[PDB]
Amino acid sequence: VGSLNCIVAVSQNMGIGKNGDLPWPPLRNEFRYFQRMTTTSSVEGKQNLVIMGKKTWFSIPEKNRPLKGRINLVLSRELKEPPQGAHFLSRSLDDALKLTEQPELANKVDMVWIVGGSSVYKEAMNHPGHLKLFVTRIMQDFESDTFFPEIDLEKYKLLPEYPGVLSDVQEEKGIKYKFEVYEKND
Ligand SMILES: NC(=O)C1=CN([C@@H]2O[C@H](COP(=O)(O)OP(=O)(O)OC[C@H]3O[C@@H](n4cnc5c(N)ncnc54)[C@H](OP(=O)(O)O)[C@@H]3O)[C@@H](O)[C@H]2O)C=CC1
Ligand SMILES: Cc1c(Sc2cccc3ccccc23)sc2nc(N)nc(N)c12
């Protein structure tokens, strides 16, 4: 198992979701970017694992579920088995990560990507260790009911470049946004 990473897109007022969808209209290349980053494994013969909350799972369009070319793991304490189309089910972030050190998964998994939502991000972000955040800054306010947790800039350094990540501003449907990578090691 290699890197642990969170990936998110967030509005200027820290919003990530609204009524079970994104706060903004669909941004095709943003979804492409998320797909490219989470799918691509820096090793041969391995796959990345994506970990997500139950509400995130059911926010993804059925036709993109499971997220293809990745091992999909859902967090829930109410479900008794993985949802239709998912691969694994865990009861805590720790268990999901323990599960990666299993004989079963140990040698099939390259990167682990936490793909949301709020509570999964917060726990991963406050836990000691080496962690990167891939943050798409959506450069407007949007009405939101679910928020990204505070990024403590004392611990998380914004990297001045990162391979395979564009630095300049993008725009789709009249909404500008930018890609950022943060790293901590504590
Ligand atoms: N990048 C972005 O902009 C992203 C946006 N989104 C959007 O954000 C919102 C997601 O919402 P959010 O409410 O934060 O939901 P989550 O995806 O975190 O789902 C919450 C449910 O997941 C289970 N869960 C969460 N964490 C854990 C855990 N550590 N261990 C066991 N179970 C856990 C609980 O389910 P149970 O009650 O069954 O125990 C909880 O009720 C949606 O609107 C979605 O579209 C989602 C991802 C990224
Ligand atoms: C899970 C996710 C997605 S998938 C998704 C998540 C929530 C609602 C969606 C609605 C339509 C299509 C896809 C949806 S896009 C995206 N972008 C970044 N930078 N980070 C993420 N974690 C996601």
Checklist entry - Is at least one residue of region 53-68 more than 13 Å from ligand 2 (Cβ to nearest atom) and not in a helix (DSSP H, G or I)? => result no
Next on the checklist: Please go through (1) more than 14 Å from ligand 1 (Cβ to nearest atom); (2) more than 22 Å from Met125 (Cα to Cα); (3) surrounded by 19 or more Cβ atoms within 10 Å (Cβ to Cβ) for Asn48 and return the number of the only condition it doesn't satisfy.
Outcome noted: (2)
Checklist entry - So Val43 clears everything in (1) touching a residue at least 40 places away in the same chain (Cβ under 8 Å); (2) within 13 Å of ligand 1 (Cβ to nearest atom); (3) part of a loop (DSSP other than H, G, I, E, B) except one condition, right? Which one? => result (2)
Checklist entry - Within the set of pairs 6 or more residues apart or between chains, which connect a residue that is within 12 Å of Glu62 (Cβ to Cβ) inside region 80-93 to a residue that is exposed (fewer than 14 other Cβ atoms within 10 Å of the Cβ) with Cβ atoms less than 7 Å apart? => result none
Checklist entry - For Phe142, which of the numbered conditions (1) assigned to a helix (DSSP H, G or I); (2) among the hydrophobic types (A, V, I, L, M, F, W, C); (3) surrounded by fewer than 20 Cβ atoms within 10 Å (Cβ to Cβ); (4) within 12 Å of ligand 1 (Cβ to nearest atom) fails to hold? => result (1)
Next on the checklist: Checking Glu150 against (1) out of contact with any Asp or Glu (no Cβ under 8 Å at 6 or more places or on another chain); (2) surrounded by fewer than 19 Cβ atoms within 10 Å (Cβ to Cβ); (3) assigned to a strand (DSSP E or B); (4) not aromatic (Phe, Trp, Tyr): exactly one of these is not met. Which one?
Outcome noted: (3)
Next on the checklist: Residues to consider are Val74, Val169; find the one that is free of Cβ contacts under 8 Å to residues at least 60 places away in the same chain and more than 18 Å from the chain's Cα centre (by Cα).
Outcome noted: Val169
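Coordinate-derived values only; no laboratory data. Reconstructed Cβ throughout: ideal geometry from the backbone, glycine too, with neighbour counts over all protein chains shown.
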